[PDB]
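Before any questions on how it binds or moves, here is one chain, the form solved without its partner chain, in C-alpha cells.
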C-alpha cells in the first residue's frame, strides 16, 4: 500500500506520533515522504554493508529488525523485518518510536537531516485536519 498524504497524517496522529519525544507530526511526514514516498512495502538493499531498509520509515535490519541474512545484526524492536512491510503500519510506528528513543533522535535518519531539518515542513500536514 502507498498511503495518500492526509490519510497517513491522520493515521500517525491516531498512533500517538504527534510530539513523540519532541518530534512533531510534520517531521514524521517529512521523514516518511523522503524515505519511502509513503510506500509501506518499500525495501532497499544496501550492497555495501549487506543490510536492508524496510517499510514506510525505511528501518534498517542491522539494528532494528531481524531478517536473518544481515551479518552481526541485532533486533532492537524484536520484530521480523517482515512486520515492517504490512499495510497496517502499527508495528513500523512502534519500532520507529524505539529508534528515536536513542540519543540521536530523529537525526538517526540521514534523509531527515538532508531534506527536513531546518526546513519549512508545514506543507506535509497542511489541510489534513490534524
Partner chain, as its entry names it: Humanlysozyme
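Positions refer to the first chain, counted from 1.
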Comparing 68-76 with 23-31, the one whose average Cα B-factor in the PDB entry is higher: 68-76
Between 82-90 and 99-107 (mean CA B-factor, as deposited), the higher: 99-107
Third assignment of residue 114 from its chain's C-alpha B-factors: middle
Cα B factor band for residue 47 (lowest, middle or highest third within the chain): highest
Chain-wide C-alpha B factor ranking for residue 9, given as lowest, middle or highest third: lowest
